[PDB]
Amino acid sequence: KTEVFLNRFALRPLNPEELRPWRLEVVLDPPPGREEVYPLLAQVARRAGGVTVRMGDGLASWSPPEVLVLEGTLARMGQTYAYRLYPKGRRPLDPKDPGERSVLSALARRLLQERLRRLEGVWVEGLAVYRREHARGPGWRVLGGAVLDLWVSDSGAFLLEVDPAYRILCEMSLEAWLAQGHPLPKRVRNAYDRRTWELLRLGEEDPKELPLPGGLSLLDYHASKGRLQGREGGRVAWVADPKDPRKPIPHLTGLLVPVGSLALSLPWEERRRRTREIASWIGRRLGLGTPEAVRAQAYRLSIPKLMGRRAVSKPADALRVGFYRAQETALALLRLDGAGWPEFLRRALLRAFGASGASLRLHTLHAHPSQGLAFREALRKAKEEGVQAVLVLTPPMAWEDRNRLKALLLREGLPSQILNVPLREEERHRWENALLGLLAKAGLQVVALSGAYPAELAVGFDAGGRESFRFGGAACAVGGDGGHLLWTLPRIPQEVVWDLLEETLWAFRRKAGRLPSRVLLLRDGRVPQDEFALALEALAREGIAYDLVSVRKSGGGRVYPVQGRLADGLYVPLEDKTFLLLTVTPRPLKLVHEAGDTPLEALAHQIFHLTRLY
């Protein structure tokens, strides 16, 4: 038990009016698919006045009825709907009932933006305000500020989050900037709004003879909107959406905007000071009481004992000291670039196996996926020759492409590890890990974790980066202390999540000759918790207990020590079954226990220990 500072700040409690927002019913025309309703009301909230937000399938507003735009239209994905709001008088909400308070926070959050607008002599993009300018150049003008956020606490009061930030601003414009010449970037942005894209390559075609699906020209599309009012920037550029990147879509460099002395980033003490400042400065135009730094009781997590042949501090050092369990191994390499094995990889593997007195064979893959039958053939031969797992050096492939390859391998019963080829040696973190995986998948128990945890099976699900398992998905899973399992991949989202877990569960009944008593499921919060409904219902019919935990890297906030320094692994409890996890300024992991009858500390310890060994 220790005391810590969170980058939050309590403000005044909400008054009785704010706890009793106005509600509004909505009618749309034409009626959209029920799955589209919610994103649309959110849009309806913007169309309407300000400090108004979506509530249920209606709206909730903090501002007077006579200020909202009760009628109009909104366009979404090219389609246009007519909306109409209907007042129905104030409705009370409890800050204490997750649901209702989601609204209050949404309201709270919209307000901040509304208040952030009025502030002048400073520019605000969304919730990110910017005071002092950090640089100035022919096009770049790095400003200094912080990303903000405002919400409601279970107490029923305001809560401000503050965190120092940068912003590389380009006032040049793609074509121009690409014009007095620079190398095209990876991610670009438009000129008419805030939506960002990933630059795929550049337009070798004519932007007026290049027709979109309808048959409309790329130029006419934008021209007939007002975006071409003599803003000629008119070179063609092939862009792609941050979501689902091959489907590539055409755009215009002249209607885009890209993304040596140095303020990279300040220390901990400096940032926690710069943050405590803005809380005072922003508390100025906020007029919501006087900021109060939030103290949170943080618990000290136990450092786990790892065992290779001899004690070891990290799994990586097992590659020099030796593995916990050894066996005669055969590992083949598949190269999707050039040649044989890079020297430092052959070396370590030899070193590590020497140090374990185990025999090691190193094959090399005689084929490439593009030869059809031959490939499958090669894999079977290699599988026959004792190959127990495959290492794959390869240029960066799309999520979809690798899953596919691991499947051609998996069908020839070949576990695999994918090491991206522009191999950066000096990046040991990377390749030392790639090898641990390869070894774990080959069946080697590199390190043993001395334990005391509820889950004998922890499976983590992957959807790439999508907010859904619609387009198939993938799962990785370990048998508790040391038993990396047969990681899988697989229509309807619920049915997807379930097969993933069905197979893994099955792999484990294969190894342990018994079903796991309990399972720990880890997933990204970006995916609706409901997609797991079927898997959980399935686990129940089996009697398999479980705990469902949502994960989210960025968005945790910040943790600062009172006066000393922060320990290696920390556990910070929060508002209702939510808690932070901090390891080794650092970035916390925000976690949520959405289902399961297991204490948060137990869970915290098991995730942390799972984190310790990559």
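All residue numbers refer to positions in the sequence shown, first residue = 1.
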With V259 and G260 adjacent in the shown sequence, let me know how many deposited residues between them lack coordinates: none, 1 to 3, 4 to 9, or 10 or more.
-> 10 or more
Unmodelled stretch of the deposited sequence separating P490 from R491, binned as none, 1 to 3, 4 to 9 or 10 or more | 4 to 9
So 220-228 or 74-82, which one's hotter by mean CA B-factor in the entry?
-> 220-228
Between 139-147 and 494-502, which has the higher average C-alpha B-factor in the PDB entry?
-> 139-147
Out of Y166, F375, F353, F461, which residue has the highest Cα temperature factor in the PDB record?
-> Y166
Top Cα B-factor in this entry, restricted to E537, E542, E209, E531, sits on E209
Should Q371 be placed in the lowest, middle or highest third of its chain by the C-alpha B factor in the entry?
-> highest
Could you look up the Cα B-factor of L613 in the entry and say which third of the chain it sits in: lowest, middle or highest?
-> highest
Hey, what third does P454 fall into on Cα B-factor, ranked over its chain?
-> middle
Considering only modelled residues of the same chain, in which third does the CA B-factor of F508 rank: lowest, middle or highest?
-> lowest
Comparing against every modelled residue in the chain, figure out the third that the C-alpha B-factor of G56 lands in (lowest, middle or highest).
-> lowest
